[PDB]
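> for now just these chains, pulled out of the complex without moving them:
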Amino acid sequence: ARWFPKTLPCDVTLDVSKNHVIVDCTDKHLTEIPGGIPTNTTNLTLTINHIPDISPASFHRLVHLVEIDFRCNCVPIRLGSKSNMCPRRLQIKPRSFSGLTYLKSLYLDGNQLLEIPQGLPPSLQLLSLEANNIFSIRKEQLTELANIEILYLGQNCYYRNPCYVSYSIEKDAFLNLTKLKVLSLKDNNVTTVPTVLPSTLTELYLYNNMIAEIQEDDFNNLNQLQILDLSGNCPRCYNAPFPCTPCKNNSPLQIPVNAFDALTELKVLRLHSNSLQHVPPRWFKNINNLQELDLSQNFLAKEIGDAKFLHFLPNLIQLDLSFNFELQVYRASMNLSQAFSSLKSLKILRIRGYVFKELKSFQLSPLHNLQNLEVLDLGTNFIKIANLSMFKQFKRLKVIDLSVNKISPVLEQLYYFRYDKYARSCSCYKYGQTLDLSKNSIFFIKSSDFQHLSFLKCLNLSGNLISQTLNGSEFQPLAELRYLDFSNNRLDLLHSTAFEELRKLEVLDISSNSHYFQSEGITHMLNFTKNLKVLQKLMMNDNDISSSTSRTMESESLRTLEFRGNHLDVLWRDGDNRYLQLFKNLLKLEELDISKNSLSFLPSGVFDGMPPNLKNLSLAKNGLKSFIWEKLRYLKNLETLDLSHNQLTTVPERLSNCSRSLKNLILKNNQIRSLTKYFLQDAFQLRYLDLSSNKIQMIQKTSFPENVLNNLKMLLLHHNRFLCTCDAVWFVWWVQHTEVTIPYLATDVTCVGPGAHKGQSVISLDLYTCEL
C-alpha cells in the first residue's frame, strides 16, 4: 500500500487548503532534530524532547516554516521532571533563524534561556519566551522585533523559577515596537509598570508581580487597550496555596483615581488579589465599554454594601467579588448595595467567600430587575439557612449556584486561590434552569422545600447528607425536572416508588450512595425504575450493590445504565440463578457499564440475560480470567465490547463466528500471548481494535486478513512482546507499509528480542538477511 515507508518519528499532516505541511514530533523522546523532515514543512513542533541545541543546520532546508514550536526541551528545575532533569540550558547558535524568511511564530518557552534570542527574521509576529531565565529587558535586544505583535515574557522570575533580583526593563524598551498588540509580563518580580508603552497595545498582562503603585500616566497613551490585568500585586495572602508576600502596612495596590482615564476601549479589567479596601467610582468615569471586572480576593466586604462605582458600569457583563470577607468575621446576612440594580447588562454575578449565616429573599432585591442575569454564584459562603422558594423570583437565570455551603432545614476546583489559573503547560446546565445545592448539609427533604420551584430543570443535591427512604413524595413540586444529581448521599431504596413523582426525569445519578448497600439484611428495591416513564440514563456507580430484594430492573425508556463499582460477582454467585435477568427487561437499553464488579468469570446465563438492543457493553477491570466468546452470539446488536484491564489469555477462534455485528473491540491490558489462526477472518464489519499492553509475540497474516484490516479505523499494538525473528517478516513488512492508523509506532511498538533487536522499533527493522 506504500512504496516508501515513513520512518520519521513525527506525525505528518496535510492541510491542503492553506498549503500547510504540519510535522508534530511532540513527546518522541528525541535528543536531536530528526533527519528527513519534509522540505515543504510549514508547522514544525518539537515540544517536550531533549534536544540540547539549535544551529543553522537545524532548519537548513525548511525555508517555508511559518511556525516553530520548540517548547520545553529544558524546563526550569522546579517545574520539570525530577527523574529526567535537564543538564544544560538550550544552546542557540547564531543565525539559526535568520534564513526562515516566512517565520511568523516562535515558541521557545521553558528552555532555560538567558537572553532574548537574536537574529530573528523580521517576518516574526509572535515570540514566546515563558519559563526561561530572562529578567532584564533592554531596548537594544528588541530592535530585531520591529514587526512583533504578540510577545510573552512571563514566568521568568517567580517562586517556581527564581531569578533572585527584581525584574529590569529599560525606559521605553517597548516603545518602537509599533505593531505590538499583546504584552505579557506576568509572574516576573516586576517592580514598576514599564513606560512608555506603544499605543498599539490591546492586551497588557502585569499580574503576579511586585508593583506597589500605579503612576497617574502609566497608561496615558493606551487608547486601544482592551484587557488590563494587574492582579496579584499586593496580594491577599490568607490561605494562599503558594508562597505569598503581601505589601507592607497592609497596603493595597495604589491606583490614582484617574489612572484609567485614557482606557476608553477597555473591555476587561482584572484586579484580583490586590488587597483593595475601596473601589473609587472615579476610576470608571471614562470607561463606558467595560464588560468584565474581577475584584475577587480583596478586602471589599464593606464596600459591597456601598459600591457607588457600580453606577458607572451599565455595560458590565461579568462582576466577580468573590472572597472579600473580613478575616475571622462570620456575618449574619448579606448586604448588597442598591447600586447593583443599576447593572443593567449583568449576566454573571459571583460572590463566593462573603461568609454569612443566613440568606433571605430581601437581600437579593437589588438584583430583582436585572433582566439579563444568567448566573448567580453564592458558593463557599457557609450559609446555614436559605429558604429556597426565594428563587421563584429568578426563573430567568440559567444557573443558581449555592455549592459548598452549610444549608440544612464550571470553574476549576482551584480557581480563586491558585497562583496563575492561566499558566500554560508543556454537567447538567444545558438542560435548563439549574439549582446547585451540591456539597451542603441537607439531611432531610420534604415537598415544601421546593415549593414554587416547579420551573427547575436540573437539581444538584450531590454530596449532601440525605439518608432517607424516598417514597415518591419528596420532590412533588419539581414537575419540570429533567436531571437529578443525587450522588454522594445515603439513599435508602426501601420503596420502589422512590423518585416516581419526577415524571419528566431523564437523567438520574444515584452513584456513591453505598451506605445502606453495605450492611446485611437491608431491603433494596432496584425495580424502582418501572415508574419513571421518560428516564433515559441511570447512574448507580460505586454503590457496592451485592444484594437486591427485587430480581429484575424494569424500564421501557432507559437507554443507558452505569452500574460500575458494584458486586455483581456476589449477585451472580455460581449456582444462584435468581438475578441472571436483572437487566433483561430494560427493553430499550443500549449501553451497560458493568466494569469493576469483581467479575472474575461470567456465569452461563448472563449473556442470554442481556436486554435485546444492547450496543455498548463494558466489562473492563473485572479480573476476568476466562471468557466464552461464543456467548457473544446472544448479543445480536453488539457494537462496542470493552474487555480492558482483565486477565484474558485468548481471543476467539473466529470473531466472525462470535459476532457478525461488533465494530469496536477493546482488549488492552490483558494477558494475551498469541492470536488464534483465523481470528479476524471475514470480520468485515469491525472497525476498531485495541490489543495494546498484552504479551503478543507473533502475528501471522491468517489472523490479520487485510480484507479486514484496511477498513480498520485504528489498530493499537503498542507495548507487547514482539519477537523480531525471520518468522515475523510478514508482520514487520505490513506494519512498515500499512496506512492503517497505529499509535506510538515511533515510541512503543518495539521488539523485545532477539538480543540485537531488543528495544528497537519495528518501524525501523531491517530483515534483508531473511531474504538472502
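Perfect, I can see it now. Numbering: from 1, shown residues only, chains lettered A, B, ... in the order given.

> hmm, residue A:760 and residue A:752 touching each other?
No - counting by Cβ atoms under 8 Å, residue A:752 stays clear of residue A:760, with 9.6 Å between them. For the C-beta atoms, the positions are set from N, CA and C on the backbone; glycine is no exception.

> over to the closest residue to residue A:522 other than its chain neighbours. Which of the three states is it?
Once flanking residues are discounted, residue A:522 sits nearest to residue A:516: 5.4 Å by Cβ to Cβ, 6 or more residues apart in numbering. Of the three states, residue A:516 takes helix under DSSP: H, G, I helix; E, B strand; the rest coil.

> thought residue A:516 was touching residue A:491?
Yes - taking Cβ under 8 Å as the definition, residue A:516 is a contact partner of residue A:491 at 7.2 Å.

> looking at these two, which is more packed in?
Taking other Cβ atoms under 10 Å, residue A:516 and residue A:491 do not tie; residue A:491 has more neighbours (25 against 18).

> how about that one, what does it touch?
By Cβ atoms under 8 Å, 6 or more residues apart in numbering, the contact list for residue A:491 reads A:466, A:468, A:470, A:498, A:510, A:513, A:516.

> and the residue nearest to the fourth one when sequence neighbours are not counted, what does it touch?
Spelled out, that is residue A:498. Of all residues not flanking residue A:498 in the chain, residue A:470 sits nearest, at 4.0 Å (Cβ to Cβ, 6+ apart). By Cβ under 8 Å, 6+ apart, the residues touching residue A:470 are A:491, A:492, A:493, A:495, A:497, A:498, A:499.

> could you rerun that using 7 Å?
The contact partners of residue A:470, by Cβ atoms under 7 Å, 6 or more residues apart in numbering, come to A:495, A:498, A:499.

> as TSV, these with secondary structure would be great.
Listed next are these as TSV, based on three-state DSSP:
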residue	secondary structure
A:495	coil
A:498	coil
A:499	coil
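
> what's the closest non-adjacent residue to the residue nearest in space to the middle of chain A?
Ranked by distance to the mean C-alpha position of chain A (Cα atoms, centre = their mean), the top residue is residue A:412 at 8.8 Å. Nearest non-adjacent residue to residue A:412, counting by Cβ to Cβ, 6+ apart: residue A:421, 6.9 Å away.

> the closest residue to residue A:547 other than its chain neighbours - how many residues pack around it?
Of all residues not flanking residue A:547 in the chain, residue A:524 sits nearest, at 6.6 Å (Cβ to Cβ, 6+ apart). Look at residue A:524: counted by other Cβ under 10 Å, it has 20 neighbours.

> chain B comes next; put it on the structure above:
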Amino acid sequence: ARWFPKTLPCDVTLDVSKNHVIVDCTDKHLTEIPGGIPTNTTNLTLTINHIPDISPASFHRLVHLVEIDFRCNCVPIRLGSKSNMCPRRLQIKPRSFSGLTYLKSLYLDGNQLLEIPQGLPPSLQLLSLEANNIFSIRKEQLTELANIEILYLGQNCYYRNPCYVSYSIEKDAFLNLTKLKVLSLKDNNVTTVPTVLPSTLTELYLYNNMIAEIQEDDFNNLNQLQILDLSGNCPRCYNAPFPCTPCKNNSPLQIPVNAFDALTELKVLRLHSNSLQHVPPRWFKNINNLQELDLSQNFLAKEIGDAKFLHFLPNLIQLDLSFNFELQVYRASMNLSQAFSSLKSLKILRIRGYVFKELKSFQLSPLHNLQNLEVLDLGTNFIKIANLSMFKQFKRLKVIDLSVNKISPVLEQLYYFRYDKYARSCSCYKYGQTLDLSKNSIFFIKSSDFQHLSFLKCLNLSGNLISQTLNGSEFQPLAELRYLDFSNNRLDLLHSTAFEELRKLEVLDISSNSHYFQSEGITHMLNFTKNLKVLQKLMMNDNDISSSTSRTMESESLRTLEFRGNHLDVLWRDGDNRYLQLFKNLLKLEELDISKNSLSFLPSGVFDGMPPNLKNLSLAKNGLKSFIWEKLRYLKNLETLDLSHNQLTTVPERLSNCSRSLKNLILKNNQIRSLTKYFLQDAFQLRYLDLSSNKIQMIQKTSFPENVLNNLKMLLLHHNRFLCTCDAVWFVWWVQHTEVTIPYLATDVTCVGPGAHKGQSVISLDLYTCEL
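Okay, chain B now, added to the rest:
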C-alpha cells in the same frame, strides 16, 4: 552451606518434640505427587493441586503418615475456578491407603468423589469428605470405619453442588461406629434425622437440609450430645442471599415438646432459620446445662415479649434472637419480657433486626441486674431515637452495639444472612467499655448527648453524618475516653481546639473525612494535636489533604501518624518551602505512613524536616520515579523503609553509606533491572530485604556479601527477570545452596530465558555445560 540442595517443591518442617515431619505442598501447581518426599513424613498436605489419581504408589514409602491432607484437587464446578476447571474426578485405586498403619486423619474434601473410599486403615480417627458427590450412605460402606471419631460428609448435595435427589441414609447406618463423636451432615438435602445414631455422639450437625419435622425419639439415646445444630430446616427466606425454599404454608420446623429430653449434656443448641413462631418452655425441662442458644432468623417477634422458656435457662451464656421481626412491621419500641431477668449467667445478648423506632431506658430494665452481662447488641434495628444516657446503668458491659441504626438528635459482615458461616475454604474493645454508634444518622453532637457516660473508654462514631466545627465542647463528659473513632464523617477542622476536652485520648481516627478538604479556600488547623497530651496514635488517611492553614503539627506524645491517601505532593510543591517541616515537631513520632500521596519525587528538605526519632517510614504507592538514597543519612533512627509499589529503577551504590540504622528495606514492585556492584557491602544492620516483583536479570556476588547474607531473616527475590546463562553461574549455585530464607523458590523464582530455560525454576537449573 548445603551439600544437597533441596529440590522438592514442598515446604518441609521438623517438629522434633512431637516427632513430626511436616511436608506442605499446598498450591504448588502439581499434577503428580512429587518424588522424593521424606520417608519419615508424618503430615503430608497436597491441598489445591491438580493431582488426578491416587494409587498404592502414591504413599508407598511413607509408612509413618499420621495425616494426609488431599483437599481440593478436583473441586465441584460451581465452587471452583472457572479458568482451571477440573476435567475428571479424582481416581483412587484400591489399596492406596491400607498400608498406612499409623494414619489418623484423612481429608479428601472437594474431589468430586462418588462413593466413600474403601480400604481405609483401621487406625483412622478423622475422615473428611465435604464437597464431594456422595449422597447415599450405606451401612456396608461404613464397616471399615469402626474406630472413626470424626466424620464430615456435608456439602455433598446443595445448590452450589447439586445431586438432584434427596440424600439417603440407611437405617442404623452409623450405629456400629461405636466411637463416633462428631457427625456433620450439613448442606446435604437430608430429609429425616437418621436413626439410630451412636450414643457416643457429642456433636451433631444437621443444618441447611430439608428436614421438616423432628420425631419425638430422634435424639433419645444421645445422652452425651453437647452440640446440636438443626438450623436452616424450614428456612426464613426473606432477603436470603442464596436460593432459598421455605417449607410451605409458612410451617416451622416441627419439634415435639419432649424431643430434647435425653440431651442432659447439651451445651449448644442452634435453631437459626427454622421459621419458629414459639419456643415452648417444655423443650428445656431437662436441659440444665445449656450455655448457647441461637434463635436468629425465625418469627419470634411476639415470643420475645413473652419468652417463658427463659426461666429454664439460668446457665445460658449466649442468646441470639436477631432478625425475628415481622415482615413489613416497623414497631414503635422494643418489648423485652420480664423473663429475661432470670438469665442469671448471660454474658452476650444479641437482638439485631427486631426493627423498632424508639429505644428507651425502661425497655431494657429486664437486663438491669444481669450481673455477668458483657455484650448487648442492638445493631441493625432502624432505631431513630435513643437517649444514650440510659447506658449509665450498663457500666459493667464491655460492648454496647448500636451499629447500623438511624439514630439522630466482631462478627463478619455477612453473618446472619449467609448460607453457611462455617463453610470451609480450600478494633477498640481491648481499651475497655465501648459504645458503638457507627453507621448511624448523627449529624450534630453536643456535650449533653454524653451526659452520664464518663466511664466510656472507646466511642465509635464512624460513618455518621457529623459535619460540624468541633471546638472542644462536644465531648466534655467523656473524661475517661481512650479511643475515638471519628472516621467517615465530615470533620471541619476550623478550630485547633478540636477534641482537646478528651484529655485521656490515646488514639484518634479522623480518616475518610475528606469533604471539607476538597473545596478551596477553607481553613484547616492541622496543628490541633498540640492540646492532646497523651495522644499516641493519629489516623488521618484518605482525607485528600492538600492545604493547611498551619505549617506544623505539634505533639510531645504522638508516636504513630497515618497520613496515607492525601496530597503531600501539592503541599510540598517544588519551590514552596512552607510545609517541609509539617511533621518535624512531632518529637516522639516513631512511625509515619505517607504512602499514596502522589509523591512522584521528594523535594529536598523532606528528610531534614522529619522528626528525629522516626523509625518506620512508608513511602509506598507514590509513583516515585527517583530517590536520593544519600538523604537517608538525615534519618538517624530509621529501621524500616517501605518503598513498595513505586517506579524506582536503581538501588544505592552502597546502602551502608546511606543508613547505618536501616534493618528492613522493602523494594517490592518497582522497576529495578540491576543491583549496584557493592549494594549490600558492610550493611551489617540489614535484616530484611524485599526485591521481589522487579525486573532484575543478574545478581553478582559482590552485591551480596556473605557476612551480610548471614544476618538476613529473609531475602525476597521472586518474580524478577532472571537470565539463566553461564554468566549467572554464581547466583544459580548460591540460590541452590544457601540457607538464607527465600520464599517461593518452588513456584516463582524462575528463569525468563534463554529459550530452553524459560519458565524453569532456578532451583532446578543444571549449568554443568558451563564448566566442561
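
> the contacts of residue A:470 again please, this time with chain B.
Residue A:470 makes contact with A:495, A:498, A:499, according to Cβ atoms under 7 Å, 6 or more residues apart in numbering or on different chains.

> do the same with residue A:98
Here residue A:98 is in contact with A:119, A:121 (Cβ under 7 Å, 6+ apart).

> same check, this time on residue A:347
Taking Cβ under 7 Å, 6+ apart as the test, what residue A:347 contacts is A:317, A:318, A:372, A:373, A:374, A:375.

> excluding chain neighbours, give the residue nearest to residue A:261 in space.
The shortest distance from residue A:261 to any non-neighbouring residue, by Cβ to Cβ, 6 or more residues apart in numbering or on different chains, is to residue A:286 (5.0 Å).

> contact partners of the longest helix seen in chain A?
Secondary structure of chain A read by DSSP state H shows that its longest helix is helix A:729-737. Applying Cβ under 7 Å, 6+ apart, the contact partners of helix A:729-737 are A:1-2, A:5, A:699-701, A:724, A:742, A:762-763, A:765, A:767, A:770.

> redo that, cut-off 10 Å
A:1-7, A:696, A:698-704, A:706, A:709, A:715, A:717, A:722-726, A:728, A:740, A:742, A:745, A:749, A:751, A:761-767, A:770-771 (Cβ atoms under 10 Å, 6 or more residues apart in numbering or on different chains).

> hmm, residue B:490 and residue A:404 touching each other?
No - the pair residue A:404 / residue B:490 is not scored as a contact, 12.0 Å apart, by Cβ atoms under 10 Å.

> check contacts around the closest residue to residue A:443 other than its chain neighbours.
Once flanking residues are discounted, residue A:443 sits nearest to residue A:465: 4.4 Å by Cβ to Cβ, 6+ apart. Residues near residue A:465 by Cβ under 10 Å, 6+ apart: A:408, A:440-444, A:488-490, B:441, B:443, B:464-467, B:490, B:515.

> which stretches in the stretch 451-600 of chain A count as helices?
With helices called from DSSP state H, counting those that start in this stretch, the stretch 451-600 of chain A shows them at A:568-571.

> oops, could you answer that again for chain A instead?
Using DSSP H, helices in chain A cover A:139-142, A:568-571, A:655-658, A:706-709, A:729-737, A:745-748.

> just the buried residues of the fourth one, please?
Using 16 or more other Cβ atoms under 10 Å in any protein chain shown as the test for burial, helix A:706-709 gives A:708, A:709.

> any residues of the stretch 201-350 of chain A in contact with chain B? List them.
A:238-244, A:297, A:322-323, A:325, A:327-328 (Cβ under 10 Å from any Cβ of the partner chain).
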